[PDB]
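Summary of structural features
This is what each chain is made of:
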Protein chains: 2
Amino acid sequence: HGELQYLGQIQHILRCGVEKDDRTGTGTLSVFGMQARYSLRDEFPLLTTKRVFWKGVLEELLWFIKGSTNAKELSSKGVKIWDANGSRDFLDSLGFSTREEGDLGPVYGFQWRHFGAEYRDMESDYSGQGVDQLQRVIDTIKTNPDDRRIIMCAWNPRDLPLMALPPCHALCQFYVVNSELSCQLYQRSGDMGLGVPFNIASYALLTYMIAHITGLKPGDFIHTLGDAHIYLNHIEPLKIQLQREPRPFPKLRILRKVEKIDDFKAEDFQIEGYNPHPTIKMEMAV
Amino acid sequence: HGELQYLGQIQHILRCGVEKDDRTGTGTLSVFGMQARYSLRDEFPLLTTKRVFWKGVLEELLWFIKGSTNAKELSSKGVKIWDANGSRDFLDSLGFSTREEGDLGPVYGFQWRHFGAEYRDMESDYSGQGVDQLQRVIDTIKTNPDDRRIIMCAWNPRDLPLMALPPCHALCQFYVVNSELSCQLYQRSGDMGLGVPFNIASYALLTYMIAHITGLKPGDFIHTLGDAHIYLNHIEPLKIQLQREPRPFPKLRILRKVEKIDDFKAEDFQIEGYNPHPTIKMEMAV
Ligand SMILES: Nc1nc(=O)c2c(CCc3ccc(C(=O)N[C@@H](CCC(=O)O)C(=O)O)cc3)c[nH]c2[nH]1
Ligand SMILES: Nc1nc(=O)c2c(CCc3ccc(C(=O)N[C@@H](CCC(=O)O)C(=O)O)cc3)c[nH]c2[nH]1
Ligand SMILES: *c1cc(=O)[nH]c(=O)n1[C@H]1C[C@H](O)[C@@H](COP(=O)(O)O)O1
Ligand SMILES: *c1cc(=O)[nH]c(=O)n1[C@H]1C[C@H](O)[C@@H](COP(=O)(O)O)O1
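Residues numbered from 1 in each chain as written, not as in the entry; some residues may be left out. Chains lettered and ligands numbered in written order. Heavy atoms only, no water. Residues with missing side-chain atoms left out of burial classes, pairs and counts.

**A closer look at the site of ligand 4**
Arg148(A), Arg149(A), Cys168(B), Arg188(B) and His229(B) are the nearest of the 14 residues found near ligand 4. In this structure, ligand 4 sits where chains A and B come together, each supplying nearby residues. One of the side-chain N or O atoms of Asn199(B) is found 3.0 Å from a nitrogen atom in ligand 4. In isolation ligand 4 exposes 460 Å². Once the protein is present, 90% of that is buried. Residues that form the shell around ligand 4 fall into these classes: three nonpolar, six polar and five charged. (Near = heavy atom within 4 Å. Polar contact = N/O pair within 3.5 Å; in protein donor to acceptor, adjacent residues only side chain to side chain. Areas by Shrake-Rupley, 256 points an atom, 1.4 Å probe, with all protein chains shown as cover. Nonpolar A, V, L, I, M, F, W, Y, C, P; charged D, E, K, R; others polar.)

Shown next as structure tokens:
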């Protein structure tokens, strides 16, 4: 199976990791530099030893492509995952006391589509200005597949101080060989219990979406970690999930041919064959 | 030994890589996503199955920290490695026909120290403007070691079109645990025969330098590849080097305590125990 790599990384961070501190004040066992490789050929990496909130996964990605930064917008669809770092309290603690709730700042979406752009408020019109990496990437795959510079980068030094919470997935690169499209991710920081599972699915999905518009077959999703940690209050839970048998990865279908990455709607995607083991609750470290 | 990982990656790219094309028009066998880990504790990763131009290695890094972009300056010291992509011909072929030879453009050095900065000519004064990642990184290690955002990024989307040759080593991150400092590198593109060997040494050196000024012990250098290729005209050569026995990695010493990363001079470093196998000539793909 493929879900064994993930389990194993967890198995390792537990028997060889080291105690560390972090901004949350919570605990953490960590390890530096790790690499796993999931196959995207006729299967989707949606963990099974636990139930993943696929709804939030899909909504968030749609939310990113949009270029939005209002943690409220995603909340409107019923995905709370980002309301925490957009809250009034969390925002005031960083000296952003003059911002309106939900303004995450120049993060993900804004970087992907308007890199150059000069940020200022979560509801300004940034169309036409900035540099669109997401699109630049697509056109290259189409015209020049062999290029070794198909990179999309979220880490923008100039803007770091305005971000309510820096890009954990900081940079990804695509590579195409013999009709199939692959993608590698560099995740400087990984919450092995909450975000990672969500992250693996988000990039596998993005790959599928790209492959479809360019007419290629998805290949491999390579996941490279930096500080792969496990918050201390996650040890008991993960320890259970580690004793669960993995069932076959599901299959994801796109029921309607789309030719613009912006035409995608939540109804265009459907999953088949998801028989996950019951959910496992884990608290988020703020 | 540690040099076996490198050899092996070469061994792999040769019996499972795939034929590919590239801008140089030369050939290439490639593989996507690879990861090696070299230990920096009481040893320096200066390859032995071949003789590495340690002089150029050291000069180039000193050249980067400086923030220089004149391929001439480094040439003045006797390190030609960058005169090729700064040449009059190479520069005119990219439409930079109004630049003076040796102006690589907003590359490495300029990004490391003056990220924000608006480039314009290789001899303008960029002091005070831009954002200094190199220094930002150092102060963090000193004040807040647990930070999971100690990143230095060279990939700057806005400037790509001005660069005569984009950052192959695009991003690196530092992590500190129990008195030792480690560093991971993401190299989107790797010329397994020429640049990589040079690159592994350049980052191990930078780590040593940082560790010294912050008073820590060097730990691990993690090398993550993207398109790890082998130009076709390198196959015969590498095939020889692969049949050579590796001798112990040398040891590097800093003979004089320095407290500013800019105070470093070439005379502050000395290597001990380097018994490499004779040189191996390989032509550069322009
Ligand atoms: N410290 C920290 N870690 C992170 O991972 C993170 C993130 C990533 C987004 C995120 C947050 C919470 C859950 C989440 O809680 N997922 C639950 C399901 C919740 C539900 O049912 O709505 C899970 O167990 O997967 C899933 C994803 C933003 N800020 C963060 N800060
Ligand atoms: N295509 C391509 N590949 C690269 O690696 C590269 C670089 C990296 C710099 C570089 C170039 C050549 C040699 C080099 O020739 N090294 C020799 C020794 C040369 C000497 O003795 O002066 C070696 O065999 O190591 C060593 C390092 C810039 N532009 C490039 N373009
Ligand atoms: C950040 C966002 C994401 O998409 N995925 C993640 O796993 N995370 C995690 C990483 C880390 O646990 C925390 C951010 O902390 P820090 O800024 O790295 O200190 O969220
Ligand atoms: C680039 C610079 C460096 O320090 N190290 C490297 O190995 N290289 C190599 C990568 C690639 O072989 C070539 C650049 O080609 P491209 O821009 O990726 O097409 O130089």
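**Some thoughts on helix α1 (residues 3-15) of chain A**
Across its 13 residues, α1(A) extends 19 Å between first and last C-alpha, which sits within 8% of the 18 Å expected from 1.5 Å per residue. The secondary structure elements touched by the buried residues of α1(A) are β2 (29-39), α7 (195-214), β6 (217-230) and α8 (235-241) of chain A. (Helix = DSSP H or I, 4+ residues; strand = E, 2+ residues; numbered from the N terminus. Expected span 1.5 Å × (residues − 1). Contact = heavy atoms within 4.5 Å.)

**A short note on the relation of the copies chain A and chain B**
Between the two copies, chain A and chain B, the superposition gives an RMSD of 0.0 Å; the rotation angle is 180 degrees and the shift along the axis is 0.0 Å. Taken together, the turn and the small shift mark the pair as related by a two-fold rotation axis. (Least-squares fit on C-alpha atoms.)

**Overview of the environment of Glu259(B)**
Looking at where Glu259(B) falls in the secondary structure, it is placed in the loop between β7 (251-254) and β8 (269-272). Distance in space between the C-alpha atoms of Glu259(B) and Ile210(B) is 9.7 Å, their sequence separation being 49 residues.

**Some details on the nonpolar core**
Judged by nonpolar contacts, the single largest core of 158 residues is most densely connected at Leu206(A), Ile261(A), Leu206(B) and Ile261(B). What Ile261(A) contacts, discounting residues up to four positions off in sequence, is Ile65(A), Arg113(A), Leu134(A), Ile138(A), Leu206(A), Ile210(A) and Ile213(A). (Core = buried A, V, L, I, M, F, W, Y, C linked by side-chain atoms within 4.5 Å. Buried < 20%, exposed > 50% of the residue type's maximum accessible area, 1.4 Å probe, protein only.)

**A word on the environment of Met34(B)**
In this fold, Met34(B) is placed in strand β2 (residues 29-39). Under the relative-accessibility criterion, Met34(B) is labelled buried at 10%. Sequence separation between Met34(B) and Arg51(B) is 17 residues; the distance between their C-alpha atoms is 24 Å. Each residue touching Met34(B), except ones within four places of it in the same chain, is listed here: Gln35(A), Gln9(B), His12(B), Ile13(B), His223(B), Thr224(B), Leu225(B) and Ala228(B).

**Re the packing of helix α2 (residues 54-66) of chain A against α7(A)**
Angle between the axes and distance between the axes: these two values describe a pair of packed helices. Residue and element names in this part refer to chain A. Axis separation between α2 and α7 bottoms out at 10 Å; the angle between their running directions is 60 degrees. One element, α2, and the other, α7, form an angle in the oblique class. Read as a crossing pair, α2 and α7 show a hand that is right-handed. Of the residues in α7, those in contact with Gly56, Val57, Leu58, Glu60, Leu61, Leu62 and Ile65 of α2 are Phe198, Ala201, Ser202, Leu205, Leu206 and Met209. Taken together, the residues that form the contact of α2 with α7 break down as 10 nonpolar, two polar and one charged. (Axes fitted to C-alpha atoms, helices over the stretch in contact; angles between N-to-C directions. Parallel < 35°, antiparallel > 145°, perpendicular 65-115°, else oblique. Left-handed = near helix turned anticlockwise from the far one by under 90°.)

**Thoughts on the UniProt feature "active site" in chain A**
Residues and elements named next belong to chain A. As recorded in UniProt, the sites labelled "active site" are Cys168. Counting through the fold element by element, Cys168 comes out in the loop between β3 (151-153) and β4 (169-177). Excluding its chain neighbours within four sequence positions, the residues that come into contact with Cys168 are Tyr108, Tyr186, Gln187, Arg188 and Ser189. (UniProt positions renumbered as here; feature names shortened; annotations may be inferred.)

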